[PDB]
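A.B. asks: Structure in structure tokens, see below.
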Amino acid sequence: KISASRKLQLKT
Amino acid sequence: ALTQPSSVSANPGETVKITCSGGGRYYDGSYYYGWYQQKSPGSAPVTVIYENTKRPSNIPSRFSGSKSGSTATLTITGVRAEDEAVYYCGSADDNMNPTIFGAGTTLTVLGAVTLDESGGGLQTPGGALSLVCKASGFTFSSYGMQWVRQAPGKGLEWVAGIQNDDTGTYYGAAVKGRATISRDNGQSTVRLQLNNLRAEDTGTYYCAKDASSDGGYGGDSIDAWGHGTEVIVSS
Ligand SMILES: [K+]
Ligand SMILES: [K+]
């Protein structure tokens, strides 16, 4: 799993 | 946000199912949910299942979790009266909110990790408070940490989170621009500064440890909760 915060960081 | 039923009832010994939907799709294309049990408003939530299926070792074997499509189900096989509680599901939304909670399902039955919050108290509207959580019993620098609050008689509400490496500080919509989360990995502490306080910020504020393997956090992955500290805002 990739965490929800890491996903948001990568998109931001 | 997330959708779960307001209530479920069962007789002792039956199998109970509670289903939650509405979570955002994660980076790996899947969906992930956590289940958080609260037996009384005067007590901290307890994670019964996280990351869809993972059961903390101290949680009774009768709790299990599953996922189907974008939905998740908590199953209690052989329910007991002691299982009466509100069960909140948690996940992430599609974009800006890594942690979101359902409204809670109330179950009626017919017939070494420590997190220690401080800094609560009474404040007047417009003032500020600084909350602190001291952690022990785990490698603090490896894990994301979060703050979650609960107004009197209301459900769980995400306040803020921070990744293990100090980055990824994100905030709940109701506190945007008024909250700052920080952490000190050397002291095993996470801090929440709340400014421009409002009456409706009143509630119990819980520190929460995340279990995500990558040092991040989200609503599916809280594995430990503090005892809470009370914030009371009133003029
Ligand atoms: K929320
Ligand atoms: K007031």
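Please note that chains go A, B, ... in the order of the structure tokens, that every chain numbers its residues from 1, and that ligands are numbered from 1 in the order shown.
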I need the contact residues of chain A against chain B, so if you could list those with any atom within 6 Å, counting only C-alpha atoms, and return them as a list in words, that would help.

C.D. replies: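 Taken together, these residues fit the definition: residues 3, 4, 5, 6 and 9 of chain A.
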
A.B. asks: Please extract the residues of chain A with a backbone DSSP assignment of alpha helix (DSSP H) and present them as a list in words.

C.D. replies: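 Here are the alpha helix (DSSP H) residues of chain A: residues 4, 5, 6, 7, 8, 9, 10 and 11 of chain A.
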
A.B. asks: Those residues you just picked out, can you put them in a file as a PDB file, in the first residue's frame with C-alpha atoms?

C.D. replies:
```pdb
ATOM      1  CA  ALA A   4      -3.106   8.508   1.216  1.00  0.00           C
ATOM      2  CA  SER A   5      -0.759  11.286   2.364  1.00  0.00           C
ATOM      3  CA  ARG A   6       2.104  10.031   0.168  1.00  0.00           C
ATOM      4  CA  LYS A   7      -0.257  10.048  -2.820  1.00  0.00           C
ATOM      5  CA  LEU A   8      -1.286  13.649  -2.089  1.00  0.00           C
ATOM      6  CA  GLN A   9       2.366  14.696  -1.650  1.00  0.00           C
ATOM      7  CA  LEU A  10       3.273  13.169  -5.009  1.00  0.00           C
ATOM      8  CA  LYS A  11       0.419  14.937  -6.795  1.00  0.00           C
TER       9      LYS A  11
END
```

A.B. asks: If DSSP is run on the backbone, what residues of segment 81-177 of chain B are strand (DSSP E or B)? A reply as a ChimeraX atom specification would be ideal.

C.D. replies: /B:85-91,100-101,105-109,114-118,121-123,129-136,145-150,156-162,170-171

A.B. asks: Residues within 9 Å of ligand 2 (only C-alpha atoms and all ligand atoms), as a PyMOL selection string?

C.D. replies: chain B and resi 124-125+198-200+233-235

A.B. asks: Which residues are near ligand 1 - at most 6 Å, using only C-alpha atoms and all ligand atoms? Format: as a PyMOL selection string.

C.D. replies: chain B and resi 100-101+157-158

A.B. asks: Measuring atom to atom with only C-alpha atoms, identify which of B:142, B:53, B:71, B:40 is nearest to residue 83 of chain B.

C.D. replies: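 Distance minimum relative to residue 83 of chain B lands on B:40.
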
A.B. asks: Skip residue 201 of chain B itself and residues of its chain fewer than 5 positions away, then list as an MDAnalysis selection string all residues within 12 Å of it, counting only C-alpha atoms.

C.D. replies: chainID B and resid 120:129 148:152 154 157 159 174:175 178:179 194:196 230:234

A.B. asks: Just to confirm, what's the straight-line distance from atom CA of residue 192 of chain B to atom CA of residue 226 of chain B in Å (one decimal)?

C.D. replies: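 Spanning atom CA of residue 192 of chain B to atom CA of residue 226 of chain B is a straight-line distance of 14.0 Å.
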
A.B. asks: Show me, as a PyMOL selection string, the residues that have an atom within 12 Å of residue 136 of chain B when counting only C-alpha atoms, minus same-chain residues fewer than 6 positions from it.

C.D. replies: chain B and resi 112-117+185-190+209+224+226
